[PDB]
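Read the single chain below, which is given as structure tokens and is the form deposited in one PDB entry.
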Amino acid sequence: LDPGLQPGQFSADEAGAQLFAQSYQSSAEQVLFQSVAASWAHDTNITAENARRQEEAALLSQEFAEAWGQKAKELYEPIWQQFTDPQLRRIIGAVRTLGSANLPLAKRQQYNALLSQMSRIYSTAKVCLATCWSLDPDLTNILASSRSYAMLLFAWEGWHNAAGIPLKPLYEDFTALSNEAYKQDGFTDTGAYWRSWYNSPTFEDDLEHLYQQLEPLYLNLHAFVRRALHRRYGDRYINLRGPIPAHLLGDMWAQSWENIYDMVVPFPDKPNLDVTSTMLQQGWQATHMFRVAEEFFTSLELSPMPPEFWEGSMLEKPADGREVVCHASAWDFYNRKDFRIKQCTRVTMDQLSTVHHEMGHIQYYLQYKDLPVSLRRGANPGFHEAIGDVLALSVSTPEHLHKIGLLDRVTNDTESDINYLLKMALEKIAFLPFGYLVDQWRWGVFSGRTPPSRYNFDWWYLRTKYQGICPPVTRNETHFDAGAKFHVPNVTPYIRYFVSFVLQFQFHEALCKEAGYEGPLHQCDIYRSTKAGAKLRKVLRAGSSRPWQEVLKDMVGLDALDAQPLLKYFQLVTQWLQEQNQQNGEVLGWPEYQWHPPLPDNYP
């Protein structure tokens, strides 16, 4: 570690801890920079040479984290927990937490190489027919707009096999090294470490109580969609009393169902709320999408994207054939100057949502950039995930789409509302089970409840239990279907997205009230509300400097996650779906839990 980056001396008491903490933050900033820069260079240009520089940068970060962590342990291990300053308890008590820096060098190298090879496998996997389809855009477009059972099967099976199978051995090794590292910081396993970010001793119980209030909405949406699929694919491929085949829902993970909107839309005579075809008709490109997102943020008197954002970002899949990580992501370089998005943007309405989602992360980074590095975080991870989604709730309203030239006719009647809420439920309610289940899987794996010999059996257990989907071809433990989802090989926690999906409705409700809006919550558009903007800005400017419970309470008036705002937003279509399911004699749920569809006669 460079001499300039190493800790000096400080006194073994609270006032010393203060000086410790201040010089700690001041050095970390340069180490963060080199690390994220090496990641950028690799993720926008996947090469063996870039992966090596990235691994070298991560080793440097670990050496830094070891030297400062050990120092914090030498001075303060027996005394930081009774420190009078709460913030210091934690700008600090993080530092006593070495993570992978607890591993000896050989294992640090092995860990860092695993992350890099897992990322590379996921991002370079292809499905071969021999010309080859990538996840983004090729397989994505197939899952989105093909209606051919056999083609969807080909893409689903191809992807799961290509990404998942080679990841499995690496993932097992990763898991063991991760646990070994976090266990030396006093956690029972890595998932306990991940859960501790919520600083909530009843987190798991609280989540389960949330899920119980939301599950009926999901069950009704599921039965109605299942019937709409049955009408198209027939009695052989759809069981009205069984799980839905996992490839027929418009998305590789069945996690968002908005792409099958045209098959379930109750009132097709009303304005078509999927504006993708109008975006194409009009010549929208990636850069327009980012500009339109940006202008929503400035209408609230939040910050525009800086020059360095426009110069540095990767907003389209490169055409020079270069290999890139296509999964959309938002980047803070920790130098208070460079922030970027890397997205292989496609011109679709759900991509416009993703753009807002990503830009929400940038906005948070811009607002908190002057805080100590350790406090440059969301109040909890779910907060970072909710910012852009909140704005996207206003964006997607018919009234707002009309304002931006994407919906000619505006209607305000109960059928239009059902079509709108149904579309929003396909995006938001369908996701809830998947949001909750992914980290349940990973928590069981890190705790050892799910050994490698049950990785796929426990995955599909949870997939069926919560989502009520089934794999469209037989799977076995050679398959590693969880590794076919980005966040698993990329080692990014998932529960934040479940938290986000609930909290965004609480924020939306608060910002709508602050904007002086007085009609149904699902019609609210906070566009141009500088009062809504100021309230959002107070949250963004806080970073992680105060407990999330108190940031939440200031913003929305309650200090907990609460399903009530989402229920209230959805209440008209909740009641309509229950009435429709009842009139159609649907069975809620999937009591034929063992059913799987047959293979097509000529498969593949």
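The first residue of the sequence shown is number 1, and the count goes up from there. So that the term is clear: the rigid core is the largest set of C-alpha atoms that superpose within 1.5 Å between two forms.
Coverage remark for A130: absent from the model in at least one third of the other entries compared whose chains are built on both sides.
Counting the unmodelled positions of the deposited sequence between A106 and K107 gives zero. The deposited model assigns a higher average Cα B-factor to 89-97 than to the other stretch when 365-373 and 89-97 are compared. Remark: stretch with higher mean C-alpha B factor among 585-593 and 10-18 is 10-18. Out of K428, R454, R336, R496, it is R336 whose C-alpha atom has the highest B-factor in the PDB entry. Across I341, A72, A484, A286, the entry's maximum B-factor at the CA atom is seen for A72. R232 sits in the highest third of its chain by CA B factor, as recorded in the PDB entry.
The PDB entry assigns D439 a C-alpha temperature factor belonging to the lowest third of its chain's modelled residues. Split the chain's modelled residues into thirds by C-alpha temperature factor. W197 is in the middle one. For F33, the recorded CA B-factor ranks within the highest third of the chain. Only modelled residues enter the ranking. For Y420, the recorded CA B-factor ranks within the lowest third of the chain. Only modelled residues enter the ranking.
The same protein has a further form, the form deposited in another entry, not shown here; the description that follows concerns it.
Just one of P104, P86, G448, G405 moves its Cα by 2 Å or more between the shown form and the other one on a rigid core overlay, and this residue is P86.
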